[PDB]
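Two forms of a single protein chain come next, each set out by itself as structure tokens; they are called structure 1 and structure 2.
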Structure 1
């Protein structure tokens, strides 16, 4: 073999591979190879050819210069049961034979930590798969076609890149980056864009809530109704600021229905408690029930309106998926459904007051998780 099957990762190490202190790493599909058929997707495991004739010679030269040659490739078809692992393995081996140089190959079979642009595969190389030889990121390079290049970026290249995953993988790690044309053909740098949402720019600056004249807490019984996307940070915020103050946390996540949120709310008010309703509550009718509960109990009802944008929330959801196994994944469809349903909270509903909660960065207490949190996690 030379193949290893690990946790959501395949690693192949060709005979002849040596650990080195610098790496020249490459995406596979559309970077080293493309379809022989000229179709966008291969019509079978045999439907491949070396992308540019220049490739094998450049690779030999890189090996001669002391770079360990590495491939990082997303193949989530494997984890999804669409592409048998052994089939992909056979294709890899056929490609490597044609290329004619020793390679180590890492294959992210699933979503999550190992899937470019997240750095999981780089980290595995650095920590586990290089025989302890430290790798200099600055002396290394990553080459891939998923580079966020814009439409009509060169003569004969009308379509924009489908993805920016390769560029973002390099950005997350700190690797110098090039496209296959820039790298193998010495084309000038093409125009590109990164995703509009940049997790590096999320700031811990500014107020915890608005308006600053208001008070986050009430000394007396009340109902607080949270509003926000899944992934807006509702439960976390509540845990940090409200539960620590003695509020009863009514969490839809753990209660399994909104009906149980209602009954739990009524129960807590009956106990003379302060209560916060943790649910998405995008629509007027959902919120209306808790306002009514407040009324029945003769207590005020406030709204905490969590301002996280849909892309901030999706980023948080992907992060949660990578760090919190207990929790179930949130699809784009659930997110678009929230967006479809969303009606801004107003005082016309009967809230005593509405506080806006900006998405303020609160850094993760484990530095490895904080590092992860700062990574682009979507191509």
Structure 2
């Protein structure tokens, strides 16, 4: 073995690499090497130096201890065509020569499962790149600069970390984690923050809606107005519980305008059918339209308030981007536009009742896709 080109993945295996039950794993940029010129993006393929003088000696001590030395690096520039693959391989080989110790390098080249903090590269390490030898995760380490540290975590470091990917990667595997200065220079633990939403512990347990005493659907004609972030999981919930149960689906992304939504709502009510307005519906003016249609027809109007937070819907968008090749990308501009327009649905508007729909893990998901769901999608 030497270099390997695989499915959205590059793997280098040097001379002297022996499989072990322990792994000392490392990020590349910001952890083992850094830029000579002080800039974030390297100016050339020779704009690199070994980060700390203490590094090579530590790596020898780890290798003699019986740790398999492994690199996990994200390099999106390879897949995009920016950074040529051969240029990076040449850089890598020069670095490992300067480190003076056998390494195995795993390079994520495309978005998706292999990209940190998603743990696809660790999966490949265990399932393919270790000679069947099981790795004790508790007896291992991952070291990386993207650790989500707060502002002023050390003197000199006034600004917070750009990313939390390295720390979350370790949390997705279960690896003990250290920052470059903690691990190599024996600095005290720096203060950090994690995402407000932890997907690792999300379950499908709990009530489908609240209050539990309420009736989910009506045996009689009505209008249901759905309120939630884009990516709150509305459409999937709507299709399963309402539309396939006989409700007329009114969707703005299919109809093209709100006037057409109002039109469809009125038309369906004249046919004595129950309707769902499957829109974001962030503000009172938006919902007022569909409340008015219910009045005109003399049917009750109910609200389905999806409780997904911005971080939960964004995570759900990231999962769909990762699993579904036909998924239209929900931008930050749209996500934060919803939050700016958002007014909490009240009974004062004209609703008979409002139901809360909690954000839950999808029950219908495959075991392998649940495994993927319960991981941090972005640093």
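Residue numbers count along the first chain shown, from 1. Between two forms, the rigid core is the largest collection of C-alphas that superpose within 1.5 Å.
Measuring CA movement between structure 1 and structure 2 with the rigid core aligned, the set 109, 130, 280, 104 has one residue at 2 Å or more: 280. In the core-superposed comparison between structure 1 and structure 2, residue 251 has its Cα shifted by at least 2 Å. Comparing the forms between structure 1 and structure 2 on their rigid core, the Cα displacement of residue 209 reaches 2 Å or more. Once both forms are overlaid on the rigid core, the distance between the two CA positions of residue 184 between structure 1 and structure 2 is under 2 angstroms. Look at residue 230: with the core superposed, its C-alpha moves 4.6 Å between structure 1 and structure 2.
When the core is overlaid, the C-alpha of residue 156 ends up 1.4 Å from its other position between structure 1 and structure 2. For residue 173, the CA shift between structure 1 and structure 2 after superposing the rigid core equals 0.2 Å.
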